[PDB]
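J.: If you read the sequence shown in the numbering used here, its first letter stands for residue 1235, the second for the next number, and so on.
No residue lacks a Cβ here, since even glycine has one placed at the ideal position from N, Cα and C.
This structure is in structure tokens; I'll ask about it shortly.
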Amino acid sequence: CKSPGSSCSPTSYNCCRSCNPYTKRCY
């Protein structure tokens, strides 16, 4: 999975925590 700051999709299902809809970085 990814770290915060990694770039995500609202639900990439690739962030170890979630995404940040206002950066599009993992939360």
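Where does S1241 sit, in a helix, a strand or coil, going by DSSP?
T.: Locating residue 1241 in the sequence shown gives position 7, counting from the first residue. Three-state DSSP puts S1241 in a strand.
J.: Exposed or buried, what is residue 1334 when buried is set at 16 or more other beta-carbons lying within 10 Å of its beta-carbon?
T.: The structure shown does not extend to residue 1334, since the chain spans only 1235 to 1261, so no value can be given for it.
J.: Which of helix, strand or coil does DSSP assign to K1236?
T.: To locate residue 1236, count along the sequence shown from 1; it is residue 2. Residue state, collapsed to three classes: strand.
J.: For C1250, which of helix, strand or coil comes out of DSSP?
T.: Reading the sequence shown from its first residue, position 16 is the one you call residue 1250. The answer is coil: DSSP assigns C1250 none of H, G, I, E or B.
J.: Under the rule that 16 or more other beta-carbon atoms within 10 Å means buried, what is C1260, buried or exposed?
T.: Your numbering for residue 1260 matches position 26 in the sequence shown. So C1260 ends up on the buried side.
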